[PDB]
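> Top to bottom, those sequences are chains B and H.
Just so we're aligned: the first sequence equals residues 7 to 231 in this note's numbering.
Just so we're aligned: the second sequence equals residues 73 to 285 in this note's numbering.
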Amino acid sequence: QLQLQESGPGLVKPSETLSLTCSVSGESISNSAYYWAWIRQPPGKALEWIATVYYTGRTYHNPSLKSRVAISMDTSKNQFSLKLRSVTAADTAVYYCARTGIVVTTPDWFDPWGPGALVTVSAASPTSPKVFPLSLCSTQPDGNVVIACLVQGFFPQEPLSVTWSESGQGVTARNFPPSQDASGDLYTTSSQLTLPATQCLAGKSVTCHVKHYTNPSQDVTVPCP
Amino acid sequence: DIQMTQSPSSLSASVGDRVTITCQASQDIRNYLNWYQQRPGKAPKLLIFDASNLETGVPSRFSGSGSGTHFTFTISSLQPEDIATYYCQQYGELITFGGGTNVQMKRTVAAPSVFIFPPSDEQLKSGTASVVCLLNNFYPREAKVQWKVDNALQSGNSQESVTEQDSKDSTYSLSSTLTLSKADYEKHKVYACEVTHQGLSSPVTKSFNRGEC
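#1: Answer yes or no: do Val228/B and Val212/B have a C-beta to C-beta separation smaller than 9 angstroms?
#2: Using a cut-off of 7 angstroms between C-beta atoms, extract the partners of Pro190/H located in chain B.
#3: Note the first and the last residue of the continuous alpha helix (DSSP H) segment covering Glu258/H.
#4: Would you call the segment 96-103 of chain B in contact with the segment 42-53 of chain B, where contact means no fewer than 3 C-beta pairs closer than 8 angstroms?
#5: Which residue from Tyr40/B, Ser34/B and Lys19/B puts its Cα closest to that of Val110/B?
#6: So, with DSSP's three-state summary, where would you put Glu165/H?
#7: Mind checking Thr220/B: buried by the 16 CB within 10 Å criterion, or exposed?
#8: Report the option in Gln226/H, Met76/H and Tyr257/H whose CA atom is closest to the CA atom of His142/H.
#9: Less than 8 angstroms between the CB of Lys117/H and some heavy atom of the ligand COA, yes or no?
#10: Using only alpha-carbon positions, find the residue among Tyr211/H, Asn103/H, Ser86/H and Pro80/H that is nearest to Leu246/H.
#11: Rounded to the nearest angstrom, what separates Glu164/B and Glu232/H at their Cα positions?
#12: When the Cα atoms are used, what is the spatial distance from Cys95/H to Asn181/B?
#13: What is the residue span of the beta strand (DSSP E) that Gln96/H lies within?
#14: What separation, rounded to the nearest whole angstrom, lies between the Cα atoms of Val203/H and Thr249/H?
#15: Identify every run of the beta strand (DSSP E) within the segment 56-98 of chain B, keeping only runs that are complete inside it and at least 3 residues long; order them along the chain.
#16: Comparing C-alpha positions only, which one of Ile188/H, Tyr244/H and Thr168/H sits nearest to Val152/B?
#17: Going residue by residue through the segment 199-229 of chain H, where are the continuous beta strand (DSSP E) segments of at least 3 residues, counting only ones entirely within it?
#18: Ordered along the chain, which non-local residues of its own chain (more than five positions away) have a Cβ less than 7 angstroms from that of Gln9/B?
#19: Does the beta-carbon distance from residue 234/B to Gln7/B come in below 9 angstroms?
#20: If you compare alpha carbons, which of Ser173/B, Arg74/B and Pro183/B is closest to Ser25/B?
#21: Can the beta-carbon of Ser135/H be found less than 9 angstroms from the beta-carbon of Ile155/H?
#22: Assess, as a yes-or-no matter, whether the segment 135-155 of chain B is touched by the segment 187-199 of chain B under the definition of 3 or more beta carbon pairs within less than 8 angstroms.
#23: How about the segment 175-183 of chain H and the segment 80-88 of chain H: do they share at least three Cβ pairs that are nearer than 8 angstroms?
#24: Got a sec: which bits of the segment 128-155 of chain B sit with their beta carbon under 8 angstroms from any beta carbon on chain H, in order along the chain?
#25: What three-state label does DSSP hand residue 274/B in the structure shown?
#26: Which value, in whole angstroms, describes the spacing of the CA atoms of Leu53/B and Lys197/H?
#27: Report the CB separation of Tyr66/B from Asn37/B in whole angstroms; it is logged as a contact under 8 angstroms.
#28: Under 9 angstroms between the Cβ atoms of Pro231/B and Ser192/H?
#29: Under 7 angstroms, CB to CB, which of the residues in the segment 135-161 of chain H have a partner in chain B?
Printed below as a string of structure tokens:
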């Protein structure tokens, strides 16, 4: 199947140039049938198409970004790339690559897309989260056990993924969007695991896996009640 | 050059409601107007191409009409799965997107389940202390989590986090984390989060005394 995959840095310092590469699999970008575009989306804001490249070298550009944008294409690697200059906090966004020119000989709509890569324009360096096991001091609910993981002080807020060693029937994991700390600059969230008390006996423990940014996943032991 | 004016910016509708999003083009784009559905954390998926046409893998309740400048996207019978942000996109001149419309589902009132978590020993050894108050599967979204430390109202030392509306049961979940230094934490005894929500006849207070958990 046709798949697109963005690659790039998680962080780029202000005023530097952002570089992204889309790796295309299952279709040749040198084919005259399709164009190849970059779209971005700031967190909480609308989609914004950036530029499109064609095998002949023809390029289209968003008028509000043409001056800072360079799009190109590597037919040998079957990749196409985006370069955004003068990045500020306004350029913090998820960046998508997509195929266009589906029905007409010029760009029409985008299908399919890449997964999207977050790019954070910040002078700050990554901060790994400090993960802490949480134990319910409330009343345990109706035959289940509620445990949690505190994921405190990390940056950037994404990509943050929390999974648990237990899953399936009777198990429900709840994750929450990273929240900016009142402390400053860092982010904190939590993950909740509800599972049958049968599956979290005293003395045993469940592991919550916190994978943040490109670092390996932290694995923290969360004791059962 | 060509601007897409998407109205409204957000809406809440009931199951089976007729939901219409309007996209006005600043000039003629004929039928070169597409519609995308975007789930949170995912790339947008094409639903309607060329103003009216159904792409593969799109339920029949999604439709589009119009040609020229005024375009309409219609969910004839809104389902809980259809909660998403929707964008119109024109290609009459380059590519521009509408501002977007996030569609939220209306359902019956559901009170939150509340859970309090005291600070961990590992975090206390690290110098900070965080009390966590969790709210599970509530509707509507509006919910107040009020922190009281020895009956004193806490300000500027908490952070809230609401999940996306659940695509199955249309509820929300909320996390509130009161954060203090270990010094300020050990200077006080009672720690309570008071939860206010329409589904609760009276506010629910989950509390604990320091070191007694």
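The beta carbon of each residue, even a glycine, is placed where N, CA and C say it ideally should be.
This is what the structure gives:
#1: Contact flag set, yes.
#2: Under the 7 angstroms cutoff, chain B gives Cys143.
#3: Per DSSP, the continuous alpha helix (DSSP H) segment holding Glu258/H begins and ends at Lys254 to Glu258.
#4: Segment contact: the segment 96-103 of chain B against the segment 42-53 of chain B, three or more CB-CB distances shorter than 8 angstroms; contact assigned.
#5: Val110/B has its Cα closest to that of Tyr40/B, out of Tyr40/B, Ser34/B and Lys19/B.
#6: Here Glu165/H sits in coil by DSSP.
#7: Counting Cβ neighbours within 10 Å, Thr220/B comes out exposed, since fewer than 16 surround it.
#8: When only C-alpha atoms are compared, the closest one is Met76/H.
#9: In the structure shown, the ligand COA is absent, as is every other ligand, since no ligand is present at all.
#10: For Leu246/H, the closest alpha carbon among the candidates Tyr211/H, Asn103/H, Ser86/H and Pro80/H is that of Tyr211/H.
#11: Distance between the alpha carbons of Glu164/B and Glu232/H: 17 angstroms.
#12: Going by the C-alpha atoms only, they are around 34 angstroms apart.
#13: Looking at the DSSP string, the run of the beta strand (DSSP E) that includes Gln96/H is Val91 to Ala97.
#14: When only Cα atoms are considered, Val203/H and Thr249/H end up about 6 angstroms apart.
#15: Segments of the beta strand (DSSP E) lying fully in the segment 56-98 of chain B: 65-67, 75-80 and 85-90.
#16: Of the listed residues, the one whose Cα sits closest to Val152/B is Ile188/H.
#17: You should have 200-210 and 216-221.
#18: Within the same chain, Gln9/B has close Cβ partners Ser31 and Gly32.
#19: A question about residue 234/B goes unanswered here, because the residues of chain B that appear run from 7 up to 231.
#20: Minimum Cα distance to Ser25/B is reached at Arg74/B.
#21: With contacts defined as CB atoms closer than 9 angstroms, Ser135/H and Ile155/H fail to qualify as a contacting pair.
#22: Inter-segment contact for the segment 187-199 of chain B and the segment 135-155 of chain B is present: three or more beta-carbon pairs are separated by less than 8 angstroms.
#23: Judged by Cβ distances under 8 angstroms, the segment 175-183 of chain H makes contact with the segment 80-88 of chain H, as three or more pairs qualify.
#24: Under the 8 angstroms Cβ criterion, the segment 128-155 of chain B contributes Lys136, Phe138, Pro139, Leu140, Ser141, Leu142, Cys143, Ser144, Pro147, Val152 and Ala154.
#25: Within the shown structure, residues of chain B are numbered from 7 to 231, placing residue 274/B beyond reach of any answer.
#26: Going by the C-alpha atoms only, they are around 44 angstroms apart.
#27: Between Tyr66/B and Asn37/B the beta-carbon gap is near 17 angstroms, outside 8 angstroms, which marks them as no contact.
#28: Between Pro231/B and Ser192/H, the CB-CB gap reaches or exceeds 9 angstroms.
#29: Only those residues of the segment 135-161 of chain H whose C-beta falls short of 7 angstroms from the nearest C-beta of chain B are listed: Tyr159 and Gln161.
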